[PDB]
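See structure below.
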2 protein chains.
Amino acid sequence: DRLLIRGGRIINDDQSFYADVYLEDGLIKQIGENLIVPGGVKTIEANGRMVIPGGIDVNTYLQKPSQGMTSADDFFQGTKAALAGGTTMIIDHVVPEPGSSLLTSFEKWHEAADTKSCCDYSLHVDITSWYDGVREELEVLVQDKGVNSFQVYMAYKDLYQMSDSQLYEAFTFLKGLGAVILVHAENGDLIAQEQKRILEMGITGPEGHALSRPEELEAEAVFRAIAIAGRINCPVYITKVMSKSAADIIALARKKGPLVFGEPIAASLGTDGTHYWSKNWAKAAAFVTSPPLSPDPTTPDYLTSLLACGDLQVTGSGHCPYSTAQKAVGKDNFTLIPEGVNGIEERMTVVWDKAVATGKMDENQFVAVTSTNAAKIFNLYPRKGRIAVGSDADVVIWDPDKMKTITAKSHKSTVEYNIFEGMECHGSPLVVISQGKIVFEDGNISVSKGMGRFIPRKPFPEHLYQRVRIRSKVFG
Amino acid sequence: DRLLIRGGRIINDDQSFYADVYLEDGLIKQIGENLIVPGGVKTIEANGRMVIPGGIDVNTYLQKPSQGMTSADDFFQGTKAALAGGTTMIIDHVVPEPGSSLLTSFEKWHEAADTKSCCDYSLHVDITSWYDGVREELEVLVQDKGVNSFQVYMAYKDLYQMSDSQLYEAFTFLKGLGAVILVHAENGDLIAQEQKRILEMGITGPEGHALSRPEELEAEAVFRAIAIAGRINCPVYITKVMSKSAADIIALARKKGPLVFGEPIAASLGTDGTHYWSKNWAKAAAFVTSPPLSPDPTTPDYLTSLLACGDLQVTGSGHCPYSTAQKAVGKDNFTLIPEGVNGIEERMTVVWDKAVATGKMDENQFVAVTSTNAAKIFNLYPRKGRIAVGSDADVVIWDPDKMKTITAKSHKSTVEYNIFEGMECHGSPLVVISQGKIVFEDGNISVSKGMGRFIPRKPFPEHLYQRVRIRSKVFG
């Protein structure tokens with residue numbers, strides 16, 4: 001259906017300018033000084049408000065398994081929540097069941113999302129084990145299924161953990177396929193050692209989670225992953241950056257040569273781990289995620305600073321909350337608490353408040369860290385993350401001047417708690433458009449279950465492999 | 001005049017793609033897979049070669065006065081050499097006399113460039129002293145003449161040097177006018193002291209120029225510049241970054257918040273100061289520029305790496321050589337040697353060889369550091385530094401695999417020496433187009449004296465001031 005947005009200020013990552021935008025059949029058809037559309041056309045008066053590209057959440061775990069329980073917000077509830085918060089595309093993590101192949105898991109996820117997602121989506125495939133034959137499936141996932149990104153774990157001893165030798169093999173094989181390599185960086189062996197010790201001191205509450213996974217163990221894994229990537233000459237992406245230490249490791253590496261990217265999430269940009277010490281067991285348990293929120297209160301402002309100067313490039317949510325009932329399964333042993341916090345709905349609002357409202361970065365840089373950088377890294381650029389003729393009509397009309405107190409009573413998540421409870425933000429979504437259709441307006445959501453399309457991605461993203469290709473020919 | 005570039009691979013700072021480009025009347029009229037062109041239109045077959053935005057040399061001193069003499073390459077010779085090197089625009093520094101009229105010097109520089117320049121140009125206005133009434137003239141240059149950039153000096157005691165009180169006053173006023181504040185950062189008092197001391201010892205050769213201006217003095221001046229800018233909350237641009245020390249200061253400051261931009265030049269990116277110790281006085285004196293080339297051999301590679309990671313954003317040449325006979329006006333006292341080196345013609349080839357051919361950055365980042373970044377900072381963005389419909393037709397067909405050994409025996413400058421003598425680079429221009437007209441093709445240059453237009457620029461470049469505005473409203 002034809003839709004005209006008039007009087008708006010278009011904000012892309014490279015510049016801002018006034019013009020109207022004309023949408024038709026999921027595409028941006030025209031941008032220009034004034035008029036040019038048929039007489040019958042629904043019209044939205046932006047009246048000076050910002051017209052920006054819909055957000056791309058590079059990290060979601062909507063159907064994540066944890067302690068035998070599935071994350072609380074499914075593909076429907078989850079994407080509905082995303083759209084209400086201004087995010088029009090997600091890249092969800094496929095997590096294979098024990099003893100299941102990668103192709104079987106992809107098919108399960110794909111079928112699931114296709115029947116419930118309210119918006120467009122892509123899929124990451126989590127390689128939980130380097131088994132004989134995995135190489136063939138990966139080739140099929142890249143070449144035929146359209147999956148260009150994969151994650152390997154450095155933590156979760158005896159479960160998902162990959163040894164240095166296996167990590168070297170995986171990075172090498174993945175680079176050959178032109179894939180984007182993601183890492184969950186925490187030293188699992190040392191974490192296992194600390195869990196035992198902490199539980200021995202009689203510490204059973206959530207604070208035990210933070211205490212068994214100190215940031216020094218995250219930073220160390222990040223460094224080791226960067227060392228491997230550097231020897232292999234392949235890009236490496238660090239998911240869920242939660243600490244000042246890990247962030248500095250990445251910063252230092254960037255000026256050295258290694259092609260390393262950093263992904264902080266809403267949680268680490270908007271709150272901290274002091275809440276693991278709440279008297280209320282349920283509130284504390286709701287903050288349990290891995291890596292954990294840093295107990296150092298200076299962390300959120302510091303990570304935002306690094307995102308502003310370019311040492312960190314994209315923002316995600318790591319969304320995968322569990323209800324109090326599900327969390328309670330470990331009311332006694334903190335190591336039995338399902339891991340995951342909310343943030344898919346709050347991401348763009350939280351980033352705007354902590355980065356733009358404070359003056360650390362401007363609106364153009366806001367677009368880059370919420371969509372454009374993500375698009376260039378995962379090979380979806382022009383199509384997504386840019387208001388331009390020919391791109392997909394995933395648009396948001398943002399109003400920098402007002403409204404937003406984050407509360408569990410008004411959020412879209414099905415869970416009881418919210419790690420950003422009480423946070424008042426200045427700047428939020430007014431109108432959300434996906435696939436050329438209005439899904440959020442006048443403070444209300446209007447979605448269609450299953451309307452979302454799966455977006456396949458080609459390997460060898462230029463932003464990543466151009467430098468890789470030169471280096472392989474210059475340093476042989 | 002109509003011109004079609006066919007079969008090329010367009011390279012912008014944000015992406016690359018195959019499409020033909022159609023030029024008409026100084027503008028890029030169409031970009032696309034094919035078709036839509038009149039029969040009698042001159043066509044160029046790119047044959048898969050790179051089609052990029054013409055370079056922008058943010059730093060030129062074509063009519064610079066020094067020791068009572070004028071620089072060797074004037075507006076005609078200088079721009080001719082720039083075009084031959086792939087640079088289609090320069091922003092030259094107007095250098096006013098002893099407390100004379102800024103407006104009058106502007107008028108003189110403008111008249112010369114409009115009569116001699118081969119390509120479009122803009123003008124910087126150097127504030128050689130804060131004489132009473134300078135404010136009034138500055139306001140006119142900005143609002144009426146279209147000058148949005150001004151440079152202040154921290155060196156040259158009793159000549160151009162401004163005190164901290166004056167610097168503070170100038171940054172504050174210039175911020176008020178929304179200008180881009182450039183700084184020549186070296187501690188003039190300490191340099192004056194060391195010059196005396198070095199001469200007293202009997203060291204009068206060019207090595208004394210380097211010895212009397214150690215990088216510790218450039219770094220301290222740079223640090224102090226940023227400190228003032230932080231208190232005032234205004235953007236600050238560091239011209240001619242020549243040392244690792246100075247580059248590290250800027251890098252640390254970027255993570256802290258202050259809006260600081262760094263400008264390394266061809267000289268510091270492609271050679272070093274070991275040549276000041278050359279037996280050949282003439283050769284050594286040819287390297288005399290301030291700040292001086294660093295004697296540390298590791299400097300060029302280091303600066304290139306920080307340019308690639310984003311700590312330094314633009315590249316200039318600082319072109320303003322003097323013939324040997326002119327330099328020789330101080331063969332018995334290095335303090336009387338006219339300051340200035342070559343680089344305007346070599347800039348893009350040198351940057352390509354040190355940054356892209358080594359794999360530190362790819363072709364898109366190359367475009368950013370040679371034109372686009374400069375365009376955004378100086379408010380010339382969409383029109384310059386981008387291959388898009390509506391932008392000026394300043395284009396270059398670049399061949400990534402075609403050697404070019406730089407020699408004074410064949411360079412376009414008029415001077416006898418070349419600081420890049422013997423350097424063999426792998427990447428040079430094949431065709432250069434200015435204002436939609438071919439000025440370089442088949443190895444031959446064809447330019448029209450006085451064809452270049454003066455490009456006026458508006459104050460308050462969004463890229464710089466959006467953040468400034470937020471900060472002013474949040475930290476009062």
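Easy rule for this one: first residue shown is 1, then count along the chain.
For this deposited structure, the header notes the method as X-ray crystallography, 2.1 Å.
Backbone N, Cα and C atoms are what each Cβ position is placed from, and that goes for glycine too.
Per Swiss-Prot, these features apply:
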- A:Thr87: phosphothreonine (MOD_RES)
- A:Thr88: phosphothreonine (MOD_RES)
- A:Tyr302: 3'-nitrotyrosine (MOD_RES)
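Residues within less than 8 Å, Cβ to Cβ, of A:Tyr302 (3'-nitrotyrosine) and separated from it by at least 6 positions along the same chain comprise A:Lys244, A:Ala247. Other C-beta atoms found within 10 angstroms of the C-beta of A:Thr87 (phosphothreonine) number 30, with every protein chain shown included. Spatially close to A:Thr88 (phosphothreonine) yet at least six residues away along the chain are A:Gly54, A:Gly55, A:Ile56, A:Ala82, A:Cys119, A:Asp120, A:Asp394, A:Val395, A:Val396, A:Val432, A:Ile433, A:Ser434, judged by Cβ distances under 8 angstroms. Under the three-state DSSP scheme, A:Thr87 (phosphothreonine) falls in the strand class.
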